[PDB]
K.L.:
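Questions regarding the structure given below will be posed in turn.
All heavy atoms count here, side chains included; hydrogens, waters and symmetry mates do not. Lettering follows sequence order; numbering is per chain, from 1.
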Amino acid sequence: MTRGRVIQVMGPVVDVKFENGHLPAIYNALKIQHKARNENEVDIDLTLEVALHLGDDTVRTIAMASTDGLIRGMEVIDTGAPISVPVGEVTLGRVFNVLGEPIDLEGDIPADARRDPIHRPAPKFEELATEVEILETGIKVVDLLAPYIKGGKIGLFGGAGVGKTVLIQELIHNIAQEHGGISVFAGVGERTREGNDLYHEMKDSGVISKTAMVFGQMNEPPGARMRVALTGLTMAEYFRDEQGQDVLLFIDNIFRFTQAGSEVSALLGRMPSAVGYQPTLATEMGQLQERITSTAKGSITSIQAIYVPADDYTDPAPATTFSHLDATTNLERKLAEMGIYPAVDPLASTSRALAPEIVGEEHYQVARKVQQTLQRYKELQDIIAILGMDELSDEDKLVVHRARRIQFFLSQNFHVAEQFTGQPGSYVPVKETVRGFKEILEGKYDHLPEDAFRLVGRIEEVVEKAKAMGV
Amino acid sequence: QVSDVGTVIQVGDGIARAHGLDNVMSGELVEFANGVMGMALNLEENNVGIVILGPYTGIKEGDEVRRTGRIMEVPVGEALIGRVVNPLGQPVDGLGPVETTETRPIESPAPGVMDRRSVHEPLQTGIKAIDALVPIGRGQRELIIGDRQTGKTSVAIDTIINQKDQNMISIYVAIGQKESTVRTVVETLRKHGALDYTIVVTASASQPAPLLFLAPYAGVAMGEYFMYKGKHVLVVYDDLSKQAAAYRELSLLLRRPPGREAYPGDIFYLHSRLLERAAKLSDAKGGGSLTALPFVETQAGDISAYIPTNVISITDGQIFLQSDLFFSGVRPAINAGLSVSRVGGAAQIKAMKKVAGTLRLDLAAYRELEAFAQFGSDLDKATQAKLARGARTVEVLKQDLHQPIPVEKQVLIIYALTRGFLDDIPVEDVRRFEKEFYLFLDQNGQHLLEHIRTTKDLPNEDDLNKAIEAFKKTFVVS
Amino acid sequence: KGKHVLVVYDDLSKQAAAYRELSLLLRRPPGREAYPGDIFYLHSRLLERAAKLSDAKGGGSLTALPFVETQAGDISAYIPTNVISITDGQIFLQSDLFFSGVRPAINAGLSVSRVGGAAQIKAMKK
Amino acid sequence: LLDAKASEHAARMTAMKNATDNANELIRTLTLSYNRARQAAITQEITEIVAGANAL
Ligand SMILES: Nc1ncnc2c1ncn2[C@@H]1O[C@H](COP(=O)(O)OP(=O)(O)OP(=O)(O)O)[C@@H](O)[C@H]1O
Ligand SMILES: Nc1ncnc2c1ncn2[C@@H]1O[C@H](COP(=O)(O)OP(=O)(O)O)[C@@H](O)[C@H]1O
Ligand SMILES: [Mg+2]
Ligand SMILES: [Mg+2]
C-alpha cells in the first residue's frame, strides 16, 4: 500500500497526505493518474517530487507539469524511487524531456532498459583529477587572455541579447565536430525555436550520431526547469563513469535553474532571502555544480551560459556561481553597442590556465602587456572624455593609439555570424594570435587606420583590408 | 449540493475566500450570485482562494458561490471577427451577442520542438524602415520598445491596415489603455476597412487588475483557433508593462514576497508562457503561424531595466524607438543601431535583399559621423559619399501615418536611392520626388511592378535605369 | 601547549551566508540584507580566540588571517564593515593595481596595521 | 606674432567652452543614474522592513 490523497493545491506545489508509517522519502517520485468520472472533470497524468515532510503524515511536493484540473482527494501512488531516466547507447541521437521520455517521434524506449536516478551525492575528494591542459577554440580573445581548460568548467556571463547563444554555437561548431567523444546538450530555460534549429543543425552536420539532447525549455512550469539539468547530468555521468569516455556538456542557461528554484521557494513556506531568492540558493547550486567534475575514470568539460539579470553582476545568482568555474568569459553591453563582437571584457575575464608554465613565457608576457595597456587606456577615460586628447602627454597618446588597435583587433568574424553579415568567418590558431598581438605592441602597424582591425581574423588580413581601403 | 456550492468568507481588493466547493478543481471558473465570474486559484485544506474577474463591490461575505465545471475558457470562432470584446469574450461595442460555438482554454501548452518550422515568409508591415532594416517574418516574435509617445501604437495600426490584401487575421489587445484612445483606434480601423479581419480585445485602466492580467492570454487563445486551422494570425499586445504592473499588484495583494523592483519571482514566467505560444507550425500540423508584437514602455530610454531585459531575452529581436529623433521630426524614430531582427533576413524577398543589404550599417555610420562632423576639417569622401548619402537616406525613410507603401514601390525607391540617382536631388524635396515617382510608376512603370510582384526578384537593371532616368528628366527641382 | 599556530579562513562571507541560510530555515526574523541580528557576534566571538598568551599561561600564540570577498570593490557593505571593525588591520587588494603590473596588488595607502612597528626587527624598522 | 596671440586666446576660449559643455552632459547622465539608484535603495529598504515585520 502506497496510496495517498491530495490535500492542498497551490500552483506548482501540491500537498499529499499518506497513511501513518508509510511516508515516501525525500526526492521520491509520485504519480497521479486520474480518469474523468463525469463532464465536470478532466483526465490527469502528472508526476510529483517529494520536497518536505510537514508532519502529521503530510508531504509537500513539486509538480513536474501543470496542476490545472487537480481536485482535493485524488489518489496518489508512490513509486518508491526518485525520477529515473534511461542511460547508455540508447540515448545517443535522441531527444528527451525532463522525465526521460523521448520527444523526437523516433519511437519509444523499451521498458527493460537500464534507468538511473537523477539524485546522487557528488564525487569524493580522493576521486578527483586536477591536471590542466589547454583547449584551443580558435577565438583570439579567448585563446589569448583566458584560455579554456580541457576537462575543466567554463562559464559565459552576459546580459540580455549580448551574444551568449552565438558564442556557444560557435564553440559547438569549432570544438564538437572533431571532439571524438560524447556530447550532451541541456537546453534548460531557453527558446523553443533555438532548440528546433539546433536539432536540425546537428542532423545536417551528422554530429547527432554522438549527441544526446534534453531540452525542458522556458514554456515549462518551474518544477520541470529545476530538474532537466539533473537529467542531462545523469546521462553525462553514465558515459563518464561506466565507459571512461571524454564528454562534452553544454548547458544553455544555468541561471534558469536558480530562477525556477526561487519561484518555487515562496510557496514551500521558506522566508525570503536578500533579493527575494531562496535561502538555499548556494546549497542547491553547489549540489548541482559539484557533480560536474572530471575524475580518475573519465573527464567532463562543461560550457555553461549564465544570464545576468538587469546587467547587474552583483546579483546573488551570478555572484555565487563565480566560485564554481575555472575559466570565465564576461560579456558587456557597452562593447556590443560599440560593434565589437564577441564583446568579451578583456579585463573581467579570467582563467587558471594563464600561467607561464602552462602557455609559455612569450604568451604570458604578451597577454600581460596587452592587459596593462588596456588598463591604462581605461584609466585615461575621464581625461579623454572631458579635456580631449590634446592635453595628454606623448607617452599617453601612444598608449591610446595602440590601445584602440588592440581593442579593435580582439574582435573576430564568426562562422555562425555569416547569416547576419554575409562574411564567411575565420579560425585563428593561438600562435598566430600571439604573433599578431606582439607585432601590434611593437608599433609595426601604427600607420594603419584603426577601422582596418575590425572583424578581421589574422594579422595579414588587417594589411589586406587597409590596402583595399586605399592606404 | 455543498460539493458544488460555496459560501464567501472574506472579500477585499478583488480577492475573495470561500468555504465549501469540495469538488472544485484548480483553475476552474466559478460564478457568484451577483453574476460576476471568478477563478479558483488556491485550493487550501478548508477554503478556496478566488480571484474576482470583475466589479467586487457587489460581493459580500455570506454570498453564494457555485461551480461551473469548466476550466478557464474564452469563446472562439469566425463570428468574433469585427467585434470588440472584453477578456472574458463578452461583447462591448453594443452590437448584440456573439454567436460562437467553440471555446479554448486560457492556459495551453506551447507547440513542441518537433512541431515547429523555420520562419521563411515575410510579414509586410508597409513601413519602409521596418521592411528594409528590421524585417519581420510570419511566426516571429518582435519586440517594440520605446518611451512614452514615440509612435508605438501608430506602427501597429499601420501594420494591421497593411494586411488588407494578404491572408492575415489581426488581433489587437489593449491593456491598461485609455478608453478614448481605443475608441479612436477602432474608428480609424473601421475607416480604413480593417474591421473585416480584425478582433479587438480591450481592458482599460479603470478595469480591475485580474482582467488586465488575463487579457493577453485571451487574445492568444483567440488567435490559436485560427492558427491551428492552417491560417496566419497577427497578435499585438499594446502594453506588457501594464500587465506586469497588474500582476505585481495581484501578487502583493496575496502577500507573496517580492524581488527586485517589487516584482514577483515568476514575472519572467508570466511573459515567457505567453510568448512561447507564437510559432510557425510544420507542414505535418497544417503550416499555420502566429506572429506577436509585444510592446514595452521604458523610462528615460533605459533599456537595462528589469522588464525590458526580461522581454528582450524572450523575443527574436527588438525595434527601438528613440524620443529625441521623434521630437526632431524623424518619424518613425527607429534607432538603427539598437534595432535588430534575429529571424529576419531569411524572411525578406530576393528584391529587398539586393538593395537593402548595406543600408543598416550605412545608416549607423552616418548617424555616428554626423555628431562628430560638427567640428574640425572634413575630407571630400566624408562630405559627399557619407554625409549627403546619409541625409538622403534619412529623408527617404520618413513616412506619414496611416499610409502604408506596397513592397515593390519600396524596393524601387530604395534601389533609386542606393544606386546614386538621388545624389543630385536636393535634400529639401526628396519626399516630393518620392511621391511623384510613385505617381509616375503607376502609369509608365507598370511592367516593372508586375514583374517584381510575380517573380519576387529585381528586374533587369537596364530597363529600371531607363525608367528612373526618364522620370528624372521630367522632374523639376524647384 | 606553548606552540605557535597560524590559522587561515579562506571565506568568512560564505560562512555568513550559510549562517543566514540556517537562521532563515529556523524562522528567526531577518535583519538588513536578510542577515540575522547576531551576525556580528558570530565573527566577533570567532576572531577573539586568537591571542598571544602571557608567560604564566605558557607563552603560546595563535594568528588568524580571515578573508573577505567584496562585490565590485564595495568595502562599505555589511559584512566587510563588520569584519573590518574587529581585526587589527586590513590588506586591500585591487584589480586596477593588479592589471597595472604591480603584483601583489596591495594598496599601501589604505592598508594599515594597528600593531605595526612592534612586529618588526630593528633592521626592518630602520 | 600679434595674430598668433589673438588666435591662441580664441582657441583657449573655445576649448574651455567645449570642456564645460562636456562636463554638463556628464552631469546630465549622472543625475539619471543617481535617480535610479535612489529608487532602488528605497525599494530595498522598505522590502526588508516589511519582511522583518512579517517574520513575527
Ligand atoms: N509617422 C508619424 N507621422 C506623424 N505623426 C505621427 C507619426 N507616428 C505617430 N505620430 C503621432 O505621434 C503621436 C504619438 O504617437 P502614438 O500615440 O502612436 O505613440 P505611443 O508611444 O503609442 O503613445 P502613448 O504612450 O500615448 O500611447 C500621435 O499624435 C500620433 O498621431
Ligand atoms: N559575433 C557576432 N557577430 C555579429 N552579430 C552578433 C554576434 N554576436 C551577437 N550578435 C548579435 O547579437 C544578438 C545575440 O543575441 P543572443 O546571442 O541570442 O543573446 P543571448 O543569448 O544573451 O540572449 C544577435 O541577434 C546578433 O545579431
Ligand atoms: Mg540566448
Ligand atoms: Mg500607445
K.L.:
In this structure, are over 12 heavy atoms from other groups packed under 6.0 Å from B:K229 atom NZ?
P.N.:
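Buried by this count: over 12 neighbours within 6.0 Å.
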
K.L.:
Working to the nearest 0.5 Å, report the span between CD1 of A:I32 and CG of A:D45.
P.N.:
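Here the rounded value is 10.0 Å.
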
K.L.:
Using modelled atom types and a 3.5 Å cut-off, is there a donor and acceptor pairing between side-chain atoms of A:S265 and backbone atoms of A:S262?
P.N.:
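Pair absent, no side-chain N/O of A:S265 close to backbone of A:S262.
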
K.L.:
Could you tell me if the side chain of A:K210 sits less than 4.5 Å from the side chain of A:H179, heavy atoms only?
P.N.:
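No, side chains not in contact.
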
K.L.:
Using only heavy-atom distances, determine whether the side chains of A:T234 and A:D116 contain a donor-acceptor pair under 3.5 Å.
P.N.:
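Their side chains do not contain a donor-acceptor pair, so the 3.5 Å distance test is not met.
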
K.L.:
For the pair B:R104 and B:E73, find out whether any cationic side-chain nitrogen is under 4.0 Å from an anionic carboxylate oxygen.
P.N.:
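Result for this pair is no, no salt bridge flagged.
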
K.L.:
Which atom pair, heavy atoms only, marks the closest approach of B:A221 to B:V76?
P.N.:
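Where B:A221 meets B:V76 most closely, the heavy atoms are O-CG1, 4.0 Å.
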
K.L.:
If you compare all heavy atoms of A:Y307 against all heavy atoms of A:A160, which two are closest, and at what distance to 0.1 Å?
P.N.:
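Closest approach of A:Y307 to A:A160, heavy atoms only: CE1-N, 3.8 Å.
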
K.L.:
Answer yes or no: are there more than 12 heavy-atom neighbours, outside A:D43 itself, under 6.0 Å from its atom CG?
P.N.:
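Enclosed.
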
K.L.:
Testing the basics here: between A:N196 and B:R116, what is the closest heavy-atom pair and its distance to 0.1 Å?
P.N.:
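So the two residues come closest at OD1-O, 3.7 Å.
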
K.L.:
Supply the atom-to-atom distance A:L171 CG to A:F250 CZ, rounded to the nearest 0.5 angstrom.
P.N.:
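Interatomic distance, A:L171 CG to A:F250 CZ, rounded to 0.5 Å: 6.5 Å.
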
K.L.:
Measure the CD1-CD1 distance between A:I254 and A:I306 for me, rounded to the nearest 0.5 Å.
P.N.:
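With rounding to 0.5 Å, CD1 (A:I254) is 8.0 Å from CD1 (A:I306).
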
K.L.:
If you look at every heavy atom in B:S272 and B:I314, which pair is closest and at what distance?
P.N.:
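Closest heavy-atom pair between B:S272 and B:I314: N-CD1, 3.9 Å.
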
K.L.:
Let's go through A:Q289 and A:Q304 carefully: what are the C-alpha distance in whole Å and the side-chain angles of both, what is the deciding distance for side-chain hydrogen bond (donor to acceptor under 3.5 Å, both in side chains) to 0.1 Å, and is it a yes or a no?
P.N.:
CA-CA 11 Å; A:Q289 287 286 353; A:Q304 312 176 14; 3.0 Å; yes

K.L.:
Mind checking the CD-CD1 spacing from B:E297 to B:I144? Nearest 0.5 Å is all I need.
P.N.:
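Rounded to the nearest 0.5 Å, the CD-CD1 separation comes out at 13.5 Å.
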
K.L.:
Check for a donor-acceptor pair, side chain of A:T47 on one end and backbone N or O of A:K31 on the other, with a separation under 3.5 Å.
P.N.:
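Here the side-chain-to-backbone pair does not exist.
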
K.L.:
Please evaluate residues B:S118 and B:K280 with respect to the criterion side chain to side chain contact (heavy atoms under 4.5 Å, CB included), reporting the C-alpha separation (whole Å), side-chain torsions for both, the decisive distance (0.1 Å), and the verdict.
P.N.:
CA-CA 7 Å; B:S118 56; B:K280 174 67 168 88; over 6 Å; no

K.L.:
Atom OG1 in A:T91, atom CD1 in A:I109: separation rounded to 0.5 Å?
P.N.:
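Taking OG1 in A:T91 and CD1 in A:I109, the distance rounds to 7.5 Å.
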
K.L.:
Does the side chain of A:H119 come under 3.5 Å of the side chain of A:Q287 through a donor N or O and an acceptor N or O?
P.N.:
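Per modelled atom types, A:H119 and A:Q287 side chains form no pair under 3.5 Å.
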
K.L.:
Within the structure provided, determine whether A:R191 and B:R141 are in side-chain contact (heavy-atom separation under 4.5 Å).
P.N.:
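Yes. Closest side-chain heavy atoms under 4.5 Å.
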
K.L.:
Is A:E263 salt-bridged to A:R225, cutoff N-O under 4.0 Å?
P.N.:
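A salt bridge links A:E263 with A:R225.
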
K.L.:
Between B:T309 and B:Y306 (side chain of the first, backbone of the second, donor and acceptor by atom type, cut-off under 3.5 Å), is there such a pair?
P.N.:
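Yes; at least one donor-acceptor contact below 3.5 Å.
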
K.L.:
Under a 4.5 Å cut-off applied to non-hydrogen side-chain atoms, are B:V220 and B:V173 in contact?
P.N.:
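With C-beta onward as the side chain, the pair stays apart.
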
K.L.:
Could you tell me whether the side chain of B:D131 and the main chain of B:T125 form a donor-acceptor pair under 3.5 Å?
P.N.:
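Yes: the side chain of B:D131 pairs with the backbone of B:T125.
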
K.L.:
Would you say the side chain of A:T301 lies within less than 4.5 Å of the side chain of A:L249, judging by non-hydrogen atoms?
P.N.:
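They are not in side-chain contact.
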
K.L.:
Would a distance-only check, ignoring hydrogens and angles, find a side-chain to backbone donor-acceptor pair under 3.5 Å from A:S209 to A:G206?
P.N.:
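Yes.
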
K.L.:
Among all residues two or more places apart in sequence or in another chain, which pass the side-chain hydrogen bond (donor to acceptor under 3.5 Å, both in side chains) test with B:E107?
P.N.:
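Per chain and number, B:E107 pairs via side-chain hydrogen bond (donor to acceptor under 3.5 Å, both in side chains) with B:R273.
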
K.L.:
Identify the heavy atoms of A:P222 and A:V264 that sit nearest to each other, and give their distance.
P.N.:
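Result for this residue pair: CB-CG2, 3.8 Å.
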
K.L.:
Yes or no on side chain to side chain contact (heavy atoms under 4.5 Å, CB included) for B:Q166 and B:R138, after CA distance, side-chain angles and deciding distance?
P.N.:
CA-CA 12 Å; B:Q166 321 196 354; B:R138 294 181 179 207; 3.5 Å; yes

K.L.:
Could B:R277 and B:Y217 be counted as a cation-pi pair, given that NZ or CZ must be under 6.0 Å from the ring centre and within 45° of the axis?
P.N.:
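Pair B:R277/B:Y217 does not count as cation-pi.
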
K.L.:
Which residue pairs pass the side-chain hydrogen bond (donor to acceptor under 3.5 Å, both in side chains) test when at least one of the two sits in residues 281-292 of chain B, sequence neighbours left out?
P.N.:
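Every side-chain hydrogen bond (donor to acceptor under 3.5 Å, both in side chains) pair that includes a residue of residues 281-292 of chain B, provided the two are not neighbours, is B:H232-B:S289.
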
K.L.:
Would B:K152 and B:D238 count as a salt bridge (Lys or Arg N to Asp or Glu O under 4.0 Å) if you check the C-alpha gap in whole Å, the side-chain angles of each, and the deciding distance to 0.1 Å?
P.N.:
CA-CA 8 Å; B:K152 300 186 296 291; B:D238 199 84; over 6 Å; no

K.L.:
Determine whether A:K164 and A:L167 make a side-chain contact, defined as any pair of heavy atoms from C-beta on separated by less than 4.5 Å.
P.N.:
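Side-chain contact under 4.5 Å: no.
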
K.L.:
Using the salt bridge (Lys or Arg N to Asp or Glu O under 4.0 Å) rule, take A:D312 and B:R260 through it: C-alpha gap first, then chi angles, then the decisive distance, then the call.
P.N.:
CA-CA 11 Å; A:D312 184 12; B:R260 64 165 63 233; 3.5 Å; yes

K.L.:
Does B:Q243 reach the main-chain N or O of B:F213 with its side chain, forming a donor-acceptor pair under 3.5 Å?
P.N.:
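Indeed, once roles are kept as given, a pair shorter than 3.5 Å links the two residues.
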
K.L.:
Would you say B:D115's side chain and B:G112's backbone share a donor-acceptor pair under 3.5 angstrom?
P.N.:
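Flag set: sc B:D115 to bb B:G112 pair under 3.5 Å.
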
K.L.:
What's the spacing between A:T192 OG1 and B:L275 CG if we round to 0.5 Å?
P.N.:
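These two atoms lie 11.5 Å from each other.
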
K.L.:
Without swapping roles, check the side chain of A:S183 against the backbone of A:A176 for a donor-acceptor pair under 3.5 Å.
P.N.:
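Between the backbone of A:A176 and the side chain of A:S183 there is no qualifying donor-acceptor contact (under 3.5 Å).
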
K.L.:
Between B:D316 and B:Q140, is there a side-chain donor-acceptor contact under 3.5 Å, judged purely by atom types and distance?
P.N.:
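The criterion, which ignores hydrogens and geometry beyond distance, is not satisfied for B:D316 and B:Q140.
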
K.L.:
For A:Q278 and A:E284, does a side-chain donor sit closer than 3.5 Å to a side-chain acceptor?
P.N.:
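Yes, because at least one side-chain N or O of A:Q278 sits under 3.5 Å from a partner of the opposite role on A:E284.
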
K.L.:
Of the non-hydrogen atoms in A:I118 and A:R291, which two are nearest, and what is the gap between them?
P.N.:
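Reported closest heavy-atom pair: O-NH1, 2.9 Å.
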
K.L.:
Assess the pair B:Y237 and B:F295: is the distance between their ring centroids shorter than 6.0 Å?
P.N.:
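No, too far apart.
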
K.L.:
A:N97 side chain to A:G100 main-chain N or O, any donor-acceptor pair under 3.5 Å?
P.N.:
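Side chain of A:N97 to backbone of A:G100: a pair is present.
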
K.L.:
Can you confirm whether A:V184 sits close enough to A:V247 that some side-chain heavy atom of one is under 4.5 Å from a side-chain heavy atom of the other?
P.N.:
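When only atoms from C-beta onward are counted, A:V247 and A:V184 do touch, with a gap below 4.5 Å.
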
K.L.:
State, with a plain yes or no, whether a side-chain heavy atom of A:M235 is found less than 4.5 Å away from one of A:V214.
P.N.:
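When only atoms from C-beta onward are counted, A:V214 and A:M235 do touch, with a gap below 4.5 Å.
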
K.L.:
Take B:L143 and B:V296 through the test side chain to side chain contact (heavy atoms under 4.5 Å, CB included) and record every step on the way to the result.
P.N.:
CA-CA 8 Å; B:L143 170 63; B:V296 168; 3.7 Å; yes

K.L.:
Please determine whether side chain to side chain contact (heavy atoms under 4.5 Å, CB included) holds for the pair B:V134 and B:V340, giving the CA-CA distance in whole Å, both sets of side-chain angles, and the decisive distance to 0.1 Å.
P.N.:
CA-CA 6 Å; B:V134 189; B:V340 66; over 6 Å; no

K.L.:
Is it the case that the side chain of B:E121 and the backbone of B:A347 share a donor-acceptor pair, with hydrogens and angles ignored and the cut-off at 3.5 Å?
P.N.:
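Between the backbone of B:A347 and the side chain of B:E121 there is no qualifying donor-acceptor contact (under 3.5 Å).
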
K.L.:
If you define the side chain from C-beta out and look only at heavy atoms, does anything of B:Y263 sit under 4.5 Å from B:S251?
P.N.:
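The answer is no; the side chains never approach within 4.5 Å.
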
K.L.:
For B:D266 and B:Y247, test the side chains for any donor-to-acceptor distance below 3.5 angstrom and give the result as yes or no.
P.N.:
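Indeed, the side chains of B:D266 and B:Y247 share at least one donor-acceptor pair under 3.5 Å.
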
